[PDB]
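Using ideal geometry, Cβ is built from the backbone for each residue, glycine included, and neighbour counts are taken over all protein chains shown. The values are calculated or read from the model by the stated rules, or taken from the named source; these are not laboratory values.
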Amino acid sequence: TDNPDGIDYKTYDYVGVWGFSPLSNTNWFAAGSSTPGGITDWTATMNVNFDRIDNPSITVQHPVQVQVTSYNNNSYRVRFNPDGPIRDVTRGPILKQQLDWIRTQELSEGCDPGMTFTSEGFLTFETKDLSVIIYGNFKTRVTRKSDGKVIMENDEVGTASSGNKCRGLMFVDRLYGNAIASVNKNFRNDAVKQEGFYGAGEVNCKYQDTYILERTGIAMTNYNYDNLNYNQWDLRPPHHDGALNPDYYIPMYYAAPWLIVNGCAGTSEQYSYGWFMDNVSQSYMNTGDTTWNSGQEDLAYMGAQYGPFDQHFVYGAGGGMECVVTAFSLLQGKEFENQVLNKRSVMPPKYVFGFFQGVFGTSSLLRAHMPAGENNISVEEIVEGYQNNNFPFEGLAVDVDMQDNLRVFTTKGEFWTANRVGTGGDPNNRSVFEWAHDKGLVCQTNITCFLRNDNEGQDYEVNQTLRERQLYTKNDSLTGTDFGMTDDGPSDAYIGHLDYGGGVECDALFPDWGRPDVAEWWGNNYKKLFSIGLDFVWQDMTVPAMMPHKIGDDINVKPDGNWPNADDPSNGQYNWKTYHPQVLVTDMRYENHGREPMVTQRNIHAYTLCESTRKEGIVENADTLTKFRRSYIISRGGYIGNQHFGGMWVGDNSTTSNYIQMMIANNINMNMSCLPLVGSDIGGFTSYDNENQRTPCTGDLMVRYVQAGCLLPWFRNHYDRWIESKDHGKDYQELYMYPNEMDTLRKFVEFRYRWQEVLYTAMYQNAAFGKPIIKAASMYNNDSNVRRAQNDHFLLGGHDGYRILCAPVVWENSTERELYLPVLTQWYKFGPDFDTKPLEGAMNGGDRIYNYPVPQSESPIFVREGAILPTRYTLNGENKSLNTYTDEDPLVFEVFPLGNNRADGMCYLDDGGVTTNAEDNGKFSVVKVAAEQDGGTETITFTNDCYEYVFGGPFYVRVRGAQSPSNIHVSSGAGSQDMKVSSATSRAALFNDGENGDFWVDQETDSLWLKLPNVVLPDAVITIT
Ligand SMILES: *[C@@H]1O[C@@](F)(CO)[C@@H](O)[C@H](O)[C@H]1O
């Protein structure tokens, strides 16, 4: 039954950060006083008296829960509901079952937060490193035990004569609105603390000409949006004139109400903590922005258009911002389901780390069946171009082009080898996906939840069963709004419009996700694609991203590009490029709880789509998958918690230097919002040349794009292609189309391929421990200079996740950059060339190099001392896809020069996702290695933490800076032997002809290679004298 809490919904339209202003006080309640309401488990209740700040005699009472969530990881939670009872969400990143599991574990270890009400009514409690006090009006001080330092405090506002009111807890009188807010003191301007705020999902922020990482001193909003180019005109500030650049006040595709605050950076007294307002209505994060009077320099807040109020403060276990990220990912963890592998996120197939190509505007599988049309291309041509030119190349992102007339889950004849649709498994009529398997590729295909509704009487089973089973969103509201209607019906359906431009368009119905039965119906449609050879999913238009529309207009008519605007507001008539926000949706937050207008829950839609694809598509129907039983999702939208469904790409970027800068910042920020497998379209998706949209990306920009993206988790070149029947886009963008740059393009893809295990093992570090793959420079501790370098330096890889430094050039036509090397370690220049020549001399960390040289053919990438990295090569020397590697393609442990006479490395091994036995049954291995120099003796030790996956071929150790040994001894469960010099005199010969127990003195790269049998991998001691 609709609106069960009896809310009066006051706001439906978007409200920019210019119109959200808690610090203006008027009509806001804040916390005035309280009394104790008891403690159950680790949850204290305070009965709080809220007073109206501009009239403190107007008062209301609500219960406020304060809960310790983790003692060891120093986290706690504050929640209340000004609109009804406090309720646990049944879907979302934070679930009570996980909180319960964490509390049960810590209790069994004797953790005691000692939560107590003092006799004065104040609440006090401790965690491992912290001590908290909450006074009568909710004024809060969080103190660090070791030094006494106050690391966080909430904000109070004075009144004329009625006492101080605490702005830590705020909500708008329900006579006037529905918003909520929470305000902290912000020490950004403090000379010593110099607080900086980080995180926030996909927000872009310009400073002068450059896009930057930090999110200090700015007003932001989470409001999932079809935001092509990151600067959609309807998102402009009131009365904005001239061009709109992407910038901090524009919402993006991923909803991330999450910041990590970092102060006293680089000193022994650094502190960090993360702040999450777990709300799925439009939310706001202001880190001290005066613009529009939205906030105040010395305060920070989070808020949202709708309740309930639920926020988490996360300080982490160890020192540094990375520890904040690992603790956040624990709160969202699946330890409560006893995951043997997928604890903090879900492991992809190895092939997800390959190089992919998407094209929007292919018109067939084969050249033989391609319809004639200016600039038409076949999938076949694309594969040829990469394969004939020896690119490492994983396969394809196959767009809505392959579908029958935009009906999702269909294909058309042109995308089969015999030019007609079959049901799969016919060797004389292969699907695009079957044909791609025979080329050694895998594919994703674009799926959205628009179910085409205008079918001209033709049969489309997906839409028909959605109808028949009453599973679509209805056209109901509390406002009597008329969302529109077509001749197709049904008469009570919400009907939207999908618009790809250039006439590529249709009417659609949508699944009402919170209804029981919907998630299962949806997952089952994927059988129709899995059984014809599809490997993984590309999840698009997820807001869901509807054609812009105004109430009263026909379903297929959009308003003037300029509307709405300040002089002519939406006034409850614009759809804000998704559902008209008054539509009653079955509640996605709370099961079996009724319907609410979509305005209350916008930012949960993408998350729920992905969830349903993951559980009911990929997992439930895993039997219908052909070549790889493990699969994955790469989604355009979502909410905090998406890492448990798959990874992300940052939608529709463009082809300029600024988009490279944004790609890098987005990747780092998304990693710290616990979404690690993320990327942006390499080369930019949209056209960029205003005098002729068809102009391709320049050679030099593509090189820089590829260089910047090559060690980022998701690596796909994808673009809008101009073709006769879809006349927007660029002519081409494929790497093989760049003859002058081909050699460079190719060698950075090879470089990535060699480090496939670095990426895959970082991914395991994330699934298991929650460590971000990509590290912000400021995650590197005891360094006072990283913060300056942080826009375009990042780190990754190796046993701790900090063994590789990247500082890619972020400007076209530029052959130098300012380089900063983190201090108290030594660095070695590396990159695609260094595989086949010696290292250069050590570079001293803490060095700043102005105008450091960077030819187009190079990019700045450094390997830290003490690193041992797993590295892969093809046995034959040809470039192949990841998914066609076997254990006979060499695994090689490269030992870089030692740090303090030591080096360390880790490697995760499984079958790559051929089966799901690694995550279902524990079938994986984790090998560690160490090297120690002690006088004239070097010892290299291999150990395992589990060895449940048997690596099937020989493996190597490549020691850099070593030459001829006097003797090498290997000890291992399988007894022990001395090694002998190989008869092989080259690397290809050692790989193919060399015997197990052979070593090779590689003078050309100044390396010693040792070849070892597979049985000594899990446990060995190697003594080099
Ligand atoms: C979804 O939309 C398309 F289908 C067409 O623009 C894709 O090619 C895009 O990458 C994605 O945003």
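Among the candidates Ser612, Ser631, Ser635, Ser654, single out the residue that is closer than 23 Å to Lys528 by Cβ and in contact with a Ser or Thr (Cβ under 8 Å, 6 or more places away or on another chain). Working first, answer last.
On the way: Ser612 fails: in contact with a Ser or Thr (Cβ under 8 Å, 6 or more places away or on another chain); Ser631 fails: in contact with a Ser or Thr (Cβ under 8 Å, 6 or more places away or on another chain); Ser654 fails: closer than 23 Å to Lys528 by Cβ.
When all the criteria are applied, what remains is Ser635.
So which residues in the range 223-270 are away from the ligand (no atom under 16 Å from the Cβ), aromatic (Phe, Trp, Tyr) and either in a loop (DSSP other than H, G, I, E, B) or surrounded by 24 or more Cβ atoms within 10 Å (Cβ to Cβ) (or both)?
Those that are away from the ligand (no atom under 16 Å from the Cβ), aromatic (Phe, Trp, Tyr) and either in a loop (DSSP other than H, G, I, E, B) or surrounded by 24 or more Cβ atoms within 10 Å (Cβ to Cβ) (or both): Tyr223, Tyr248, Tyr249, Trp258.
So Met46 clears everything in (1) in contact with a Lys or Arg (Cβ under 7 Å, 6 or more places away or on another chain); (2) in contact (Cβ under 8 Å) with a residue 60 or more places away in the chain; (3) not hydroxyl-bearing (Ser, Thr, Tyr) except one condition, right? Which one?
Condition (1) is where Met46 drops out.
Can you pull out every residue in the range 479-501 that is surrounded by 15 or more Cβ atoms within 10 Å (Cβ to Cβ), within 16 Å of the ligand (Cβ to nearest atom) and not charged (D, E, K, R)?
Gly496, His497, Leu498, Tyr500
Considering only residues that are more than 20 Å from the chain's Cα centre (by Cα), among the hydrophobic types (A, V, I, L, M, F, W, C) and assigned to a helix (DSSP H, G or I), which ones fall in the range 734-771?
Of everything in the range 734-771, those that are more than 20 Å from the chain's Cα centre (by Cα), among the hydrophobic types (A, V, I, L, M, F, W, C) and assigned to a helix (DSSP H, G or I) turn out to be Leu735, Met737, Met742, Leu745, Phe748, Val749, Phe751.
Just one of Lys350, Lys412, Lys343 is assigned by CATH to the domain that holds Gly647, basic (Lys, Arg) and within 19 Å of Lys880 (Cα to Cα); which is it?
So the residue among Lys350, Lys412, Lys343 that is assigned by CATH to the domain that holds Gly647, basic (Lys, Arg) and within 19 Å of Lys880 (Cα to Cα) is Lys350.
Name the residue, out of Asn883, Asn900, that is buried (at least 20 other Cβ atoms within 10 Å of the Cβ), among the polar types (S, T, N, Q) and outside the structural domain of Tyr632 (by CATH).
None of the others qualify; the one that does is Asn883.
Just give me the residues in the range 523-571 being away from the ligand (no atom under 16 Å from the Cβ), farther than 17 Å from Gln403 by Cβ and of a type in the set (A, V, I, L, M, F, W, C), in sequence order.
Those that are away from the ligand (no atom under 16 Å from the Cβ), farther than 17 Å from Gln403 by Cβ and of a type in the set (A, V, I, L, M, F, W, C): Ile551, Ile555, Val557, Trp563, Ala566.
Working only within the range 316-329, note down all residues that are surrounded by fewer than 23 Cβ atoms within 10 Å (Cβ to Cβ) and aliphatic (A, V, I, L, M).
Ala317
All but one of (1) surrounded by fewer than 21 Cβ atoms within 10 Å (Cβ to Cβ); (2) assigned to a loop (DSSP other than H, G, I, E, B) hold for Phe834, so report the exception by its number.
Failing condition for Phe834: (2).
Among the residues of the range 442-466, how many are closer than 18 Å to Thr613 by Cβ, part of a loop (DSSP other than H, G, I, E, B) and either more than 16 Å from the ligand (Cβ to nearest atom) or aromatic (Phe, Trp, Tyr) (or both)?
Of the residues in that region, 1 qualify.
Scan the range 526-569 residue by residue and report those that are of a type in the set (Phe, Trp, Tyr) and in a loop (DSSP other than H, G, I, E, B). Walk me through how you get there before you give the answer.
Restricting attention to the range 526-569, the residues satisfying the condition of being of a type in the set (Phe, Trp, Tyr) are 526, 530, 536, 538, 563.
The answer is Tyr526, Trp563.
Determine which single condition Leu396 fails, assuming it passes every other condition in (1) in contact (Cβ under 8 Å) with a residue 24 or more places away in the chain; (2) part of a loop (DSSP other than H, G, I, E, B).
Result: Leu396 passes all but (2).
Output the residues belonging to the range 626-661 that are away from the ligand (no atom under 16 Å from the Cβ), under 12 Å from the mean Cα position of the chain (by Cα) and not in a helix (DSSP H, G or I).
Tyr639, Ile640, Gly641, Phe645
Can you tell me which residue in the range 353-389 is surrounded by the fewest Cβ atoms within 10 Å (Cβ to Cβ), limited to those that are within 16 Å of the ligand (Cβ to nearest atom) and of a type in the set (A, V, I, L, M, F, W, C)?
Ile382
Take the conditions among the β-branched types (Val, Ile, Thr) and closer than 30 Å to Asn376 by Cα and apply them to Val352. Does it pass?
The answer is yes for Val352.
Does the range 772-800 hold any residues that are under 12 Å from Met321 (Cβ atoms) and part of a loop (DSSP other than H, G, I, E, B), and which are they? Full working, then the answer.
Initially, the range 772-800 is screened for residues under 12 Å from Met321 (Cβ atoms), giving 772, 775-781, 786-787, 790.
Once the filter is applied, which keeps residues that are under 12 Å from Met321 (Cβ atoms) and part of a loop (DSSP other than H, G, I, E, B), the range 772-800 yields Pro772, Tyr780, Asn781, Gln790.
Of all residues in the range 907-927, count the ones that are of a type outside the set (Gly, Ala, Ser), outside any loop (DSSP other than H, G, I, E, B) and surrounded by fewer than 23 Cβ atoms within 10 Å (Cβ to Cβ). Steps first, answer last, please.
Looking only at the range 907-927, we keep the residues that are of a type outside the set (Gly, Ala, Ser), and these are 907-911, 914-917, 919-921, 923-924, 926-927.
Filter again for outside any loop (DSSP other than H, G, I, E, B), leaving 907-909, 917, 919-921, 926-927.
In the following step, the residues that additionally are surrounded by fewer than 23 Cβ atoms within 10 Å (Cβ to Cβ) were identified as 917, 919-921, 926.
Of the residues in that region, 5 qualify.
In the range 143-178, which residue that is under 35 Å from the mean Cα position of the chain (by Cα), part of a loop (DSSP other than H, G, I, E, B) and without any contact (Cβ under 8 Å) to a residue 40 or more places away in the chain is surrounded by the most Cβ atoms within 10 Å (Cβ to Cβ)?
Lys145
All but one of (1) farther than 20 Å from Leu175 by Cα; (2) buried (at least 17 other Cβ atoms within 10 Å of the Cβ) hold for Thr35; which doesn't?
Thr35 satisfies all of (1) farther than 20 Å from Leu175 by Cα; (2) buried (at least 17 other Cβ atoms within 10 Å of the Cβ) except (2).
Can you pull out every residue in the range 806-829 that is under 20 Å from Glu750 (Cβ atoms) and crowded, with 22+ Cβ neighbours inside 10 Å?
Selection gives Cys806, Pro808, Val809.
Which of the residues spanning the range 417-445 are touching a helix residue (DSSP H, G or I) at 6+ places or on another chain (Cβ under 7 Å), of a type in the set (A, V, I, L, M) and more than 25 Å from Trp649 (Cβ to Cβ)?
Selection gives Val421 alone.
Answer yes or no: is there a residue in the range 183-190 that is under 19 Å from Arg602 (Cβ atoms), in contact (Cβ under 8 Å) with a residue 40 or more places away in the chain, not acidic (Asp, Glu) and not in a strand (DSSP E or B).
The answer is no; no qualifying residue exists.
Pull up the range 86-116, narrow it to residues that are part of a loop (DSSP other than H, G, I, E, B), among the β-branched types (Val, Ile, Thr) and under 29 Å from the mean Cα position of the chain (by Cα), then point me to the one that is nearest to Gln311 (Cα to Cα).
Here the residue is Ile94.
With the requirement that a residue be crowded, with 24+ Cβ neighbours inside 10 Å, away from the ligand (no atom under 15 Å from the Cβ) and among the β-branched types (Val, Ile, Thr), what does the range 665-702 give you?
Answer for the range 665-702, where residues must be crowded, with 24+ Cβ neighbours inside 10 Å, away from the ligand (no atom under 15 Å from the Cβ) and among the β-branched types (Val, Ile, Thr): just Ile668.
Could you please find all residues in the range 706-722 being under 24 Å from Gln539 (Cβ atoms) and within 16 Å of the ligand (Cβ to nearest atom)?
The answer is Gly709, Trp714, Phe715, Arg716, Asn717, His718, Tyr719, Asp720, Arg721.
Write out, first by first residue and then by second, each pair whose Cβ atoms fall under 6 Å of each other, whose residues are 6+ apart or on separate chains, and whose first residue, in the range 130-142, is free of Cβ contacts under 8 Å to residues at least 60 places away in the same chain and in the same structural domain as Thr35 (by CATH) while the second is buried (at least 21 other Cβ atoms within 10 Å of the Cβ) and β-branched (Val, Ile, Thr).
Matching pairs, first to second residue: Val132/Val142; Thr140/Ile134.
Looking at the structure I just gave you, is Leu509 more than 20 Å from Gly638 (Cα to Cα), in contact with a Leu (Cβ under 6 Å, 6 or more places away or on another chain) and away from the ligand (no atom under 14 Å from the Cβ)?
In short, yes.
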